[PDB]
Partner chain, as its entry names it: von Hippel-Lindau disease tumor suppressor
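Here's a solo chain for you in structure tokens, the form solved without the partner chain.
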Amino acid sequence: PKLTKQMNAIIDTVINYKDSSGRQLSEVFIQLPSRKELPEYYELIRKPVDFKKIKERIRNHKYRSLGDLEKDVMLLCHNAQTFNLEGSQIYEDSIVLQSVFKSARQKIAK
């Protein structure tokens, strides 16, 4: 109950985060392209995950700890770094979002 609320607060912080230029960094990460739209993603990435899926997993009580939530957020960001070119905006945004997650978890949970 309190855990579910901690998780929703943390993920909401990550999703709503805007950089100093006003850009909501999460936007591209909410929903993966389909298999038909981007078959090469699914050829490369073994364990696809997006923020929509993480929200599903929170809603359905699938993460039993903040550690388990963190593992999926880090997976998402790792997949983004794997697929996208180093130095691309999406690659760089995924690094920022890792930090935003860790700060949100420090702030909300401690």
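Positions refer to the first chain, counted from 1.
Beyond what is shown, the protein has a form deposited with the partner chain bound; the following relates to that form.
In the entry with it bound, the partner chain stays beyond 4.5 Å of every heavy atom belonging to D12. Although the partner is absent here, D68 sits far enough away that none of its heavy atoms falls within 4.5 Å of the partner chain in the entry with it bound.
For the stretch 10-25, the set of residues having any non-hydrogen atom within 4.5 angstroms of the partner chain in the entry with it bound comprises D19, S20, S21, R23, in sequence order.
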